[PDB]
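Protein chains in written order, with our numbering: chain A, 4 to 315; chain G, 916 to 1226.
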Ligand SMILES: CCCCCCCCCCCCCCCCCCCC(=O)O[C@H](COC(=O)CCCCCCCCCCCCCC)COP(=O)(O)OCCN
Ligand SMILES: CCCCCCCCCCCCCCCCCCCC(=O)O[C@H](COC(=O)CCCCCCCCCCCCCC)COP(=O)(O)OCCN
Ligand SMILES: [Cl-]
Ligand SMILES: [Fe+3]
Ligand SMILES: [Fe+3]
């Protein structure tokens, strides 16, 4: 409660012996031992430097229990910019080898669901009534770096409803499996099209551990309205990206730091929606093309494996 | 698969800007911002230096989900030596100012339960039958640094059964509330005594997150047989300590790094348990005295507040 000087122990042989024992550095997976030794040592050193008290350490330890009970570790990874950091490093790798000329990547987020039924060329993906969102058409072409259309590319799409909730993750009810999620296989013309409704921005669960820490930091936990994409096709690297809805006031204040200048396409007002199966004549239209990068020596060294949900 | 040079982006302006934004370090709690800025920046820098891949990062992220789901964050804190590290730092504090003369501290561990009924001088704490454990008597005096008995000290004791399980945390069933957990208030002579059963060493839940990571590090998750104590007294600092059962082959291979050479008292065989209320005539006996350290200006600046179970 009263300030005192930190007593420094990190460089002592006892602490260094403890770090080597606990990480088992130098059976066991050597790479995991190496990573643990470095992260544990950095934590010990930070506790020494900032005089992080046992009360503070146990608050952090018990915070991790709540974070996992909430299922929110990946949400915090986005909120603390760790997920953006991974893109920064992948972007720097692409810049060094000259693979940075396609549509830019941005974060995947934690809300992808595998298994959407694949449609030929066009998918209508709003399965459930949403009185609060107007119809939205997203369309474009999948091309390579040379401008030619990519046949048989798989474009997957997911976004939120007018309350900012995703199917499979709705805390107010159970949406239909794959509501506002689709997948289209492009034809020879490389064209894809999604017919859906306009999303609104996401907000962290207000009593969740992510928002609790953000609240303590003085930060909001909101995202601007956006739509996610995967684009997969042989001969190209797997594209993970997004675009933001034009004009959202949170576009340059995303709590997950995912907005990119090239990922803010214009939205157009259009008519004749009924002829497209849309629920209203006037609709908003976004033209967005995906420019892919090629595999190098047949390899995609930036595809990411992580725990992902799946549905019927 | 093939080796390449790790990209270095940490010292770029974009990363430094991202770190300041994410920690908000520069509304909010300044101390939390400071700690987050440091811990998050260290993590980014570690990712650069070791070229930690996204696949690796996400495995750690999803591991954290499992760790919290299992409710094991504090178990891993002990298993990775973090809990011992906190004691190393408190011990160095005491040494610097000359408060290091008493019974040594060691780790609390995550299995304390508040509320044991305070008995006078002696508590019998084995409520549940355990055919795998013989009787154990633990007895001693609570004194200050000057050797005078401390009257009214509260000595709390908790430990495992012969399967290595604690009441309130037993995976094979439900023990009685406060089984193998006791509280004793010393009288004028400073003496305490617990009548209990002999513990067996603890092992991490085999399918839990802590053992999963220890397995990946090539480490076991076992503790020697031991007994925990709190000693709370109005004029002294609160002592958190333990002792290990003499002769346990894991005394010098504790996965939580909590063994101290001053905390391994002799065990002697005795007879006469019936008159003590023990379930058998023959029993094992441990004399263990607590030497407390005084408060400074009536304050205890080493007492630890953390989430604790109660019953
Ligand atoms: C560094 C190399 C890599 C190793 C680490 C890898 C992970 C680093 C990731 C980037 C940094 C993220 C840090 C996350 C932990 C922050 C915990 C704050 C949560 C919190 O609200 O604690 C409050 C107390 O704060 C306080 O007392 C002050 C802040 C608390 C200390 C936070 C750090 C503790 C370090 C030990 C935990 C292990 C690391 C954590 C990831 C609440 O307190 P309350 O009890 O009133 O609760 C009331 C609510 N229910
Ligand atoms: C509780 C108090 C004490 C806290 C300790 C904090 C100090 C840091 C020191 C320890 C922290 C380590 C945390 C876990 C890292 C390793 C977890 C991996 C365990 C594991 O089984 O993953 C394997 C791969 O490991 C790997 O690939 C290596 C993964 C290493 C990741 C390191 C970076 C993670 C950063 C996360 C911090 C996030 C902060 C904000 C959320 C297998 O993987 P699998 O997928 O095949 O599993 C399917 C089953 N075999
Ligand atoms: Cl129990
Ligand atoms: Fe999203
Ligand atoms: Fe224990």
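Cβ coordinates follow ideal geometry from the N, Cα and C atoms, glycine included.
- prompt: What are the boundary residues of the beta strand (DSSP E) that includes residue 255 (chain A)?
  reply: Premise fails: residue 255 (chain A) is in no beta strand (DSSP E) and is neither H nor E.
Quick check: does the Cβ of residue 260 (chain A) come within less than 7 Å of any heavy atom belonging to ligand 7?
With respect to ligand 7, the structure shown offers nothing to examine, as its ligands consist of ligand 1, ligand 2, ligand 3, ligand 4 and ligand 5.
Using a Cβ-Cβ cutoff of 9 Å, what residues of the segment 960-978 of chain G are near chain A? List them in chain order. Of all residues in the segment 960-978 of chain G, 960, 961, 962, 963, 964, 965, 966, 967, 968, 969, 970, 971, 972, 973, 974, 975, 976, 977, 978 have a Cβ within less than 9 Å of some Cβ in chain A.
From the beta carbon of residue 116 (chain A), is the nearest beta carbon of chain G less than 8 Å away?
-> no
Buried versus exposed, by CB contacts within 10 Å (16 or more), residue 255 (chain A): exposed
Where residue 293 (chain A) sits in the DSSP three-state scheme | strand
Within chain A, the residues that residue 1178 (chain G) reaches when beta carbons sit closer than 9 Å: Those do not exist, as residue 1178 (chain G) stays about 16 Å from chain A at its closest Cβ, beyond 9 Å.
- Task: Output the residue ranges of the beta strand (DSSP E) runs that lie fully inside the segment 1103-1167 of chain G and measure 3 residues or longer, sorted by chain position.
- Result: Whole beta strand (DSSP E) segments, 3+ residues: 1106-1112, 1141-1147, 1154-1159.
Proximity test, Cβ basis, 8 Å: residue 939 (chain G) and chain A:
yes
Cβ-Cβ distance between residue 1 (chain A) and residue 276 (chain A) below 8 Å: The structure shown does not extend to residue 1 (chain A), since chain A is modelled only from 4 through 315, so no value can be given for it.
- Contacts of residue 280 (chain A) in chain G (Cβ-Cβ under 8 Å): What residue 280 (chain A) touches in chain G: nothing, since even the nearest Cβ is about 38 Å away.
Within 8 Å of any Cβ in chain A, is that where the Cβ of residue 997 (chain G) sits? yes
Quick one, which of A:150, A:194, A:154, A:133 has its alpha-carbon nearest residue 168 (chain A)'s? A:133
| Span separating the alpha-carbon of residue 942 (chain G) from that of residue 228 (chain A) | 25 Å
### Query
Residues in its own chain within less than 6 Å of residue 1060 (chain G) by CB, not counting five upstream and five downstream?
1016
Counted within 10 angstroms of its Cβ, other Cβ atoms place residue 1012 (chain G) as buried (16 or more) or exposed: exposed
Exercise. Give me every residue whose Cβ sits closer than 6 Å to any heavy atom of ligand 3, in chain order.
Key: G:1082, G:1083, G:1085, G:1089, G:1090
- Message: With a threshold of 8 Å between beta carbons, is residue 957 (chain G) in contact with chain A?
- Response: For residue 957 (chain G), the nearest CB of chain A lies under 8 Å from its own CB, placing it at the interface with that chain.
Which chain G residues sit within Cβ distance under 7 Å of residue 17 (chain A)?
1003
**Report entry** Integer-rounded CB distance, given that residue 184 (chain A) should sit under 8 Å from residue 281 (chain A)
**Finding:** Wrong, their Cβ atoms sit about 18 Å apart, outside the cutoff.
Notebook entry, point to check: Can we count residue 953 (chain G) as close to ligand 2, meaning its CB is less than 7 Å from some heavy atom?
Noted result: no
For this session: Closer than 8 Å, Cβ to Cβ, to anything on chain A: give me those residues from the segment 1157-1187 of chain G, in chain order.
Result: 1172
* Are there 16 or more other CB atoms within 10 angstroms of the CB of residue 315 (chain A), so buried, or fewer, so exposed? -> exposed
Decide if residue 34 (chain A) is buried, meaning its Cβ has at least 16 other Cβ atoms within 10 Å, or exposed. It is exposed - the Cβ of residue 34 (chain A) has fewer than 16 other Cβ atoms within 10 Å.
TODO: Mark residue 266 (chain A) as exposed unless 16 or more other C-beta atoms lie within 10 angstroms of its C-beta, in which case mark it buried.
DONE: buried
Review point. Mind checking residue 917 (chain G): buried by the 16 CB within 10 Å criterion, or exposed?
Key: exposed
Query raised in the report: Where residue 85 (chain A) and residue 241 (chain A) are concerned, what is the direct C-alpha to C-alpha distance, given to the nearest angstrom?
Result: 20 Å
Any contact between the segment 190-206 of chain A and the segment 154-171 of chain A? By contact I mean 3 or more CB pairs, one from each, below 8 Å. With a cut-off of 8 Å, the segment 154-171 of chain A and the segment 190-206 of chain A count as touching, because enough Cβ pairs lie within range.
### Task
Locate the beta strand (DSSP E) running through residue 1231 (chain G), then write down its first and last residues.
Any question about residue 1231 (chain G) goes unanswered here, given that chain G covers just 916 to 1226.
- Can you name the residues of chain G whose CB is closer than 8 Å to the CB of residue 219 (chain A)? 943, 944, 947
message = By alpha-carbon positions, which one of G:1176, G:1073, G:1000, G:1164 ends up nearest to residue 19 (chain A)?
response = G:1000
| request: Please name the residue or residues paired with residue 1096 (chain G) in a DSSP beta bridge. | output: G:1073
Notebook entry, point to check: Quick one, which of G:992, G:1145, G:1216, G:1090 has its alpha-carbon nearest residue 1020 (chain G)'s?
Noted result: Minimum Cα distance to residue 1020 (chain G) is reached at G:1145.
| Tell me which same chain residues have a C-beta within less than 8 Å of the C-beta of residue 226 (chain A), skipping the five on either side of it? | 204, 205, 206, 253, 257, 258, 259, 261
- Comparing the C-beta of residue 1024 (chain G) with each C-beta of chain A, is any distance below 8 Å? no
Legend entry - Beta carbon proximity, residue 69 (chain A) to chain G, threshold 8 Å: By this cut-off, residue 69 (chain A) is an interface position.
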